[PDB]
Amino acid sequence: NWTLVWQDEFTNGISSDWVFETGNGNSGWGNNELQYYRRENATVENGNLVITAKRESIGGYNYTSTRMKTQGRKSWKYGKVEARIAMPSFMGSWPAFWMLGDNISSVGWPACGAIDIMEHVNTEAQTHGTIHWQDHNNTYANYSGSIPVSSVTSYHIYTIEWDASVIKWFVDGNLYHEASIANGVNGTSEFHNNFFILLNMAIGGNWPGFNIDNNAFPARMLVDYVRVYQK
């Protein structure tokens, strides 16, 4: 069986297992993102985490949102990682539910590896699952898939299953993307390490672009729960 080993149901408030980033990071968190992350953009309403992105100026930036991570408190090697999410859809939006390797502090990005469980940009009628890494030739590599989602603004369940053989991606239980990590094939050795969880909503960047629907603010991403199971 899958055994639950960690969760935030956001029933009281936000678990002390979450840490919050501040500001725009290095060149927009690596992606020329336009937001300044703050703690105040995360609230709880009726058992849901609420990440509000706002048209709000601070530190020379013009948008605020939240970026929260489980880093230095909780991390896992293999398992089922899952969140029930309702996210906004507007030009410039870039919500993400994803994982980074613990060793990012030592080896950096992209050596540490990332598992994107869910990304969405703009008003696309789909969501994406991706892995990012350094292959055995030390080249930056990613492998992505998508599934049609007509209403990202309604709750969906975004899931990975992760073992020594494979990573699989699901939306509402529908398999749509898969990647072998067996024997570190294609240089995937670093996906056999501990990874922590992140939640964020970025505004603009290299992928969503720099056309921002300024009449979409404030914008809410709601997270009913995050859960990790293991064998």
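One-based numbering along the sequence shown.
When the two stretches 212-220 and 6-14 are set side by side, the higher mean Cα temperature factor goes to 6-14.
When the modelled residues of the chain are ordered by C-alpha B-factor, residue 198 sits in the lowest third. Among the modelled residues of the chain, residue 54 sits in the middle third by CA temperature factor in this PDB entry. When all modelled residues of the chain are sorted by CA temperature factor, residue 144 is found within the middle third. In the PDB entry, residue 161 places in the middle third of its chain by CA B-factor. Among all modelled residues in its chain, residue 128 ranks in the middle third by Cα B-factor.
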